[PDB]
Structures are given as C-alpha cells and as structure tokens.
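Below you'll find the structure, written out as structure tokens, and then a few comments.
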Amino acid sequence: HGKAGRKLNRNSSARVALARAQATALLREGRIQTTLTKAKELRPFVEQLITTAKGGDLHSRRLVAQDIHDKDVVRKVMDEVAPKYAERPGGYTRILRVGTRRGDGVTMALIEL
Amino acid sequence: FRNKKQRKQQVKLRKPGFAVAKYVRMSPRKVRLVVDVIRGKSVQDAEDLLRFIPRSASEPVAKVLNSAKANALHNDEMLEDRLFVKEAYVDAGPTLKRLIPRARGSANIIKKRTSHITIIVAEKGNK
Amino acid sequence: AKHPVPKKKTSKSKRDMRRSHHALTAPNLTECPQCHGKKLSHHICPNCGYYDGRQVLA
Amino acid sequence: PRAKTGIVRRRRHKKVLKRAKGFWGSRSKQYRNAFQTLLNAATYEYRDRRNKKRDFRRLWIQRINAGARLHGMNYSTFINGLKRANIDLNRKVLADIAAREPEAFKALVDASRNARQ
RNA sequence: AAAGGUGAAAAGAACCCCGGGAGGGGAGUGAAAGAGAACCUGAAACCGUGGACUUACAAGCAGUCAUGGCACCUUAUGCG
RNA sequence: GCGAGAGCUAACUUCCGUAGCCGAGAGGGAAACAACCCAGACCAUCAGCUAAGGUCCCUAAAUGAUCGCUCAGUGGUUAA
RNA sequence: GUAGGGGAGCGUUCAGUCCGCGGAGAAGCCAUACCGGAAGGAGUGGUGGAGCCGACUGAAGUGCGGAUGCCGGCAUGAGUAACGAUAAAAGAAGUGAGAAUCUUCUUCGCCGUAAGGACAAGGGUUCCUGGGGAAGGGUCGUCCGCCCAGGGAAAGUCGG
Ligand SMILES: [Mg+2]
Ligand SMILES: [Mg+2]
Numbered sequence: 070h071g072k073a074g075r076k077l078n079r080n081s082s083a084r085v086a087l088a089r090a091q092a093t094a095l096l097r098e099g100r101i102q103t104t105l106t107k108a109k110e111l112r113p114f115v116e117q118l119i120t121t122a123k124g125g126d127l128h129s130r131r132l133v134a135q136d137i138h139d140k141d142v143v144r145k146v147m148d149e150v151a152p153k154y155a156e157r158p159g160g161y162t163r164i165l166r167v168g169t170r171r172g173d174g175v176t177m178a179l180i181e182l
Numbered sequence: 145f146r147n148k149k150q151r152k153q154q155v156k157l158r159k160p161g162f163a164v165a166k167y168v169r170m171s172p173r174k175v176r177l178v179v180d181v182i183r184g185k186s187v188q189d190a191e192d193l194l195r196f197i198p199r200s201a202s203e204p205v206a207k208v209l210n211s212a213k214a215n216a217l218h219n220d221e222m223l224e225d226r227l228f229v230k231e232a233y234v235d236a237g238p239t240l241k242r243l244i245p246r247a248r249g250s251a252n253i254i255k256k257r258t259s260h261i262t263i264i265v266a267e268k269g270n271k
Numbered sequence: 255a256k257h258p259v260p261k262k263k264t265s266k267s268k269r270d271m272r273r274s275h276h277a278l279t280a281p282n283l284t285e286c287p288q289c290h291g292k293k294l295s296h297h298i299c300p301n302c303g304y305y306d307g308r309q310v311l312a
Numbered sequence: 002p003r004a005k006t007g008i009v010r011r012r013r014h015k016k017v018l019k020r021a022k023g024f025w026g027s028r029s030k031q032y033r034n035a036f037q038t039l040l041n042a043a044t045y046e047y048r049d050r051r052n053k054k055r056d057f058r059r060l061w062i063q064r065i066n067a068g069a070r071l072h073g074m075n076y077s078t079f080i081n082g083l084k085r086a087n088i089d090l091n092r093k094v095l096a097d098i099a100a101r102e103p104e105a106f107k108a109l110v111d112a113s114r115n116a117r118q
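Protein chains in written order, with the numbering used here: chain A, 70 to 182; chain B, 145 to 271; chain C, 255 to 312; chain D, 2 to 118.
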C-alpha cells in the first residue's frame, strides 16, 4: 500500500522551507494565489500556526518564531491576527480556486485569511 | 454559360463565413484536438469553450473563429446570432525541419510542423 | 543497437484504431449568476470576479 | 538525343492503379503492391472460369435430387432413368424444372421409375 | 552543394472587417487573383473535412468466382 | 520403382545402370503435400460423357444389392 | 513451358516530308461503363494557358518494382522516449495583446582554493544604449550570448 498521511514533491527540507515560506506570505499579506495543491498543503499548517500564536505568552511567541523567521510577521500574527481570531474555533483560512494557467496548464488558486 | 473564360469575368467567386489562419506554428495533429470540440455548433459556444479549453492550440483557433465571424457579419451581412460553425479543419503547411544532435556522433531531424487552421461559419436556422 | 524496434509499418487504419480514445471532453461551462458570462463550476468567474460576492479584482 | 520516360510511366501506373478498387489499403493506393496483387489476381481470374463451371453443375445436381428424393427417388437413380429413356434428355434446366415446376418435375420423376423397374 | 517561372504591362492590392502579428475576408486593378508576390502547370506518396454503402461470435496475402441487399445511372436505366 | 556397390539389406545417405515424373507441368485425386495415381491447360460457354479416386453429414454421387468375416473400435502406429 | 533461338508488333523523344490543329483555347493534369488479340488507342467532360495530333521514313541517352540501387518528398514507430547533472524555491509588486518562465522588492537554497577575481591562448564585437520580436534558445518569453541601428575602444614609461 501507501495509506500514510502528508505530501512532498521535494526532499525533507525543501518541503519544510516552502510550508514556512507560504505560511509567512499568507500571514504577511492576508491572501496569496498559489498552485491549488500548494495552498492545500499550506492551509492546515498555517491554521496551526495561528493557533500557536493564539496564546500570547512568550512561549507561544517563541514557538511561532520557529516557523516564521521574520520578526515583523511574527508580531503581526502574535498581536494583530491571533487576538482577532480569539472567538472562532480555529477555522479561518479559505481557498478559492481560479482558472487554469498558461505556462503549464496548472490550475491556480487563492488561499486567504 | 458562354464558356469558361467569360464566366471568370461575369463572376468573382467568394467565400461566405470563411477565414483561415495559414502557417500557425503548431502540429496539425495537435490543433485538430481543439478544432474538434468546436466543430458544428453555436459559434457562441465555440467562443466559450475556447476560453476554457486548456490546450494552447486554443488561441489560434480562437482568432480564426472570430475572424470568420467578423466576416460573415461584415463582408457578408449575416445575422450573427444564428451563426454556427458550419465547418472547420486543420491542414499541414510547410514543415520546419531542424537538426538536433544525438549521442555518439549521429544526428537527427526534429520536424517542427505547422498548420493552416481554417474555419467556416454559416447562418443556421431550422427551415 | 536500438534493441526492440517494430516489425512493420502500422496501417493508417491500425494507427487510428489506436487514437479512438484521444478526444477531448469539452469543459462543462456554467453561466455566472451575475455578469452571466459562462464559468467553470467551483471556480471564480474570470469576467466579474464573483463567487457570490466579488473575490477577485475586477 | 536524351529521351526521358515522362508521362509514359505515370500512365502505365495509373492503368494498374485504377484496376484496383475495393482493394484494401496499400493494395489499392500503392503501385508496386497494387500491381503485385494483380499477379495473384491473374491466377484466380483465369482459373475461376474453368471452375465456376465446376461450381454450377454442383448447384444443379444438389437441387435435382432434393426433389428427386422428394418423391422417393434420388439423383443417382433418377438421372439414369431419364437416361433409360433417350426420349428424356434435358439435364440442363432439369434442376430449375425441379425447383419451379413441381407439377412438371413429378412427371419426369415417375417417368423414370416407369422406365426403371 | 541545391537553388528557375506574378502579369502583356505593376496596373503589385488605396480604403474597410477580425488579429499584437502572421494570416485572412471584402473593395479596387487585371482578360484572368479558377495570376498576389512562401505568385506558370501542379502528378504521386502522405494528412484532412463532408457524403454514400458498410462494420462491435471474428481466425483473416487480403483477392477471385457466384448470389442476394443498398445506392446511383453523362460512352450508363438496359447493361451496367 | 527395378538392378548393383558403398553403408548396420540404417538415412528425404552415397555412387553407377535403367524407366518415369519434378526441374521447365497447371488440372482431379492422395486432409494438407515437386516427384505417387489419373492426366499434358489455343481462347469462350451456369452444356455433356469419363480417369484416378469416390457416393452417412462437413463437400459432388447408392446409408446401394447378394453371400460371408471381425467386436476388436480391429478399421484408424511393428515383431520374436 | 524455365535458359535459348525465331516471328509480328505497341510506345517514348528527336529529324525530314505530307495533311493539318489551336486564345470560342495546345501540351500536361484529372474522371470514365468505349475500342483493339496485347503492347496500347479514342470519345466526352473538368483543369490548363500556349504551343500541338495523325501518316510515311530516318536516328535513338527509347519503356523499369526489385540492384542493403541514386536524389527528393512523405509516412511507421507516436504524441511515444526525451527536454542534458536531485544547488530547491516562495510571495508580493510591475510591465504587456499574451507571462511559472522578463523586471523590482523581500525571503529561501547552492559555491566560497570556488560554481569568486586577474590574465593567456583562442574567439570577435559577442561590450554599452535604444529598439525588435520571424528563426536560434530542447518549454514560455514582453527576454537573451539571437535580429536591426547608433555608440564604445585614447598610453614617451604596461606587452610587442
Ligand atoms: Mg522379422
Ligand atoms: Mg524502388
């Protein structure tokens, strides 16, 4: 079989540097269009990140800072966005799919906060 | 009648709802795929299906289809909302033979084909 | 050499019995509820940018 | 003086090429093959006349006794009978008489038994 | 090495349509574009569109002879 | 095939004699099958009599007639 | 009826001669159920756009499926295998007829006795600026080492 549960298409570090790279852009710009699948990878990861930020203690900040290497973006998620999602049962990030693309026929999409 | 020679002059010979992109740098066989979903329908649909169909042959077929339309309409004073792809097809124009290197000295020729995409629009109607 | 290699040219026919399966399926376009242009089910209307409200920029 | 083959060969070819009709694929579009098909074609053509003669008398003999036996005779017998009566001497059209005119055919049938035993 | 050919004469296509272009459709010139500049004729292989008769229990050098069905009938309705 | 040698009176073996056919020979027959058997194709014919071989059905023609033989499927893979 | 010998003829070009034919239309091409014992011939229609049948005689680079033949064109394999080091890439923003593939920003990753820098030889303008967008670039390209135009190179002591 192969009844596992995750995705790659890169080695072990690339797949981690991406999910971190998108995690950050998503949080730094509230929205980003990306390959449909990549957004799918991103979504859960990021939601987790918003939930770690959603604690306010230094510990929770320091943890987020492990997957958000930009001081400015951490402050945002830490002080602006995490506090805002206070009352929603971690469930906000939505993906919209757009049209297929020209250079490679790949269907792009939107993942927005 | 008269005889051939007089005919040629009494007449000019025209092509209703007809356009044709000659020498499109694609493979006939490749373009045909797209030209095939569009054959025989509401020139509207053709406009529509092309916008979405993923093959990169779609643009050219698009362009020819809206040129054959801009004719049926103009040079033919046709009623666009009865227009429908009467006929469409793809023929091969010249072929751009190009040489490519291969392993151990030998060489090869890549055939970069080309196509003449022509499409003919015509008013439909039942009766 | 080029080890396996074909025994005979294939009929124009045979060669076609083959391809009897390469016909594209035309998209199943829907008509956008607002600007009414046709769209792709579950995606945003490239002509108005809606998906109930207006998501993509004009 | 030089002396091309021009037009002289195209024609020789179209001649054969056009003989091949419902000749399947290549056999009806390529000279060489189409032509070649027509050699075997010779073989059949010629030998099939000296032969449909063989085939037809067979169709005749088959019917002539599916009527012969329709009364109680059978080709073998039946035939020698009409024979026994130099009088009778069709054999050719006999089948047909046996296929279309039952009224008649019977006649000849019984006619033989009446020249037989 | 290969490589020729608009038209009598450039009169070689003003202006309008679709296209970024290429290309094409009209208009106009010309006897002719059923000569337009990837321009005398333009065979064949080879690709394709439409139509007619066919084909999804079948073992096939691919035809040939015979018969029936369907279609069509300018040297051709009576033979094809 | 017939007559010999050679060879294990082996070989679609080899070498000579001699007849026939294939080679340069179609047609019928022997399932298929150069040479075995009957026969030598000037062309046409939905005509007729025969050869060798055959006459339950697959294919044309007596599942014919009379007196017997074997029960083995002998028929339709050999001997002391 | 194979090797072979003998006989009678068909066709192709060129040449002499005869009868001619043609822009209301030649040759060539294309279609055809006619003609002749064959090679072959004719009629009709379509195409074509200028030279051309028939007859007698003469001369021939005179007749093709084969030669792993020669040149050219086009097929099959088949939309198959490949797209040339496993040093990754992401987002935003911009330009544009059109961009994964160009430009900008911000990150990521790879080399760092090098995948940095300076010459030599060799190559020549490939350099810079503005344009370009056929073909080349194993894919896009609005970009390029590609195309077009203009500009650029400065030595008494560095090499000769
Ligand atoms: Mg013994
Ligand atoms: Mg050859």
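Every residue, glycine too, gets a C-beta built ideally from N, C-alpha and C.
Around the beta carbon of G68/D, 16 or more other beta carbons lie within 10 angstroms, which makes this residue buried.
Contact residues of the segment 154-170 of chain A toward chain C are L165, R166, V167, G168 and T169 (C-beta to C-beta distance below 9 Å). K292/C reaches chain B at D192, counting residues in chain order whose Cβ is nearer than 7 Å. Contact between the segment 10-29 of chain D and the segment 148-155 of chain B is absent, with fewer than three C-beta pairs closer than 8 Å. For the pair of segments examined, the segment 222-238 of chain B was found to touch the segment 184-201 of chain B: the number of CB pairs separated by less than 8 Å reaches three. For a cut-off of 8 Å, the C-beta gap from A112/D to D89/D is around 7 Å, short enough to register as a contact. The shortest C-alpha to C-alpha distance from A100/D to any of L18/D, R70/D and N87/D is the one to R70/D. Contact of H257/C with chain B by beta-carbon distance below 8 Å is absent, the smallest such distance being about 15 Å. Per DSSP, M147/A lies in no beta strand (DSSP E) and is assigned neither H nor E. DSSP places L165/A within a strand segment (E or B) once states are collapsed to three. Using a Cβ-Cβ distance cut-off of 8 Å, the segment 299-311 of chain C and the segment 164-173 of chain A are in contact, since at least three pairs of beta carbons, one from each stretch, lie closer than that value.
Taking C289/C as the centre and dropping the five residues before and after it, the same chain places the C-beta of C299, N301, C302 and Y304 closer than 8 Å to its C-beta, in chain order.
For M271/C, the secondary structure class from DSSP, reduced to helix, strand or coil, is helix.
Its chain contains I244 and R246 as the residues whose beta carbon lies nearer than 6 Å to that of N252/B, once the 5 sequence neighbours on both sides are disregarded; these appear in chain order.
If you check the CB distance, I264/B and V205/B do not come in under 9 Å. In this structure, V168/B places its C-beta atom within 9 Å of the C-beta atom of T258/B.
Taking a Cβ-Cβ cut-off of 8 Å, the neighbours of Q309/C in chain A comprise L165 and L179, given in sequence order.
From the listed residues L209/B, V181/B, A212/B and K207/B, the smallest Cα separation to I197/B is found for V181/B. Around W61/D, the same chain offers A96 as residues with beta carbons nearer than 6 Å, after the five sequence neighbours per side are excluded. The three-state reading of DSSP puts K54/D in helix, counting H, G and I together. The beta carbon of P287/C sits no closer than 9 Å to any beta carbon of chain A. Comparing alpha-carbon positions, the option among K256/B, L209/B and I261/B lying closest to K185/B turns out to be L209/B. Distance from the CA of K241/B to the CA of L177/B, rounded to the nearest whole angstrom, comes to 23 Å. Fewer than three pairs of CB atoms, one per stretch, sit closer than 8 Å, so the segment 71-91 of chain D makes no contact with the segment 46-56 of chain D. Between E181/A and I101/A, the C-beta gap is smaller than 9 Å, which places the two residues in contact.
In the three-state scheme derived from DSSP, where H, G and I count as helix and E and B as strand, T78/D is classed as helix. Residue contact check for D235/B against chain C: no CB pair falls below 9 Å. In the structure shown, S171/B falls within a coil segment according to DSSP collapsed to helix, strand and coil. If you draw a straight line from the Cα of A4/D to the Cα of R272/C, it comes to about 48 Å. By the neighbour-count criterion, in which 16 or more other beta carbons inside 10 Å mark a residue as buried, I8/D falls on the exposed side. With respect to chain C, the C-beta atom of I264/B has no partner C-beta closer than 9 Å. In this structure, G249/B lies away from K213/B, with their beta-carbon atoms at least 9 Å apart.
Taking C-alpha positions only, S211/B is separated from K174/B by approximately 21 Å.
The beta carbon of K145/A sits closer than 8 Å to those of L96 and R97, all from its chain and outside the five residues before and after it, given in chain order. Not one beta carbon of chain C lies nearer than 9 Å to the beta carbon of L217/B.
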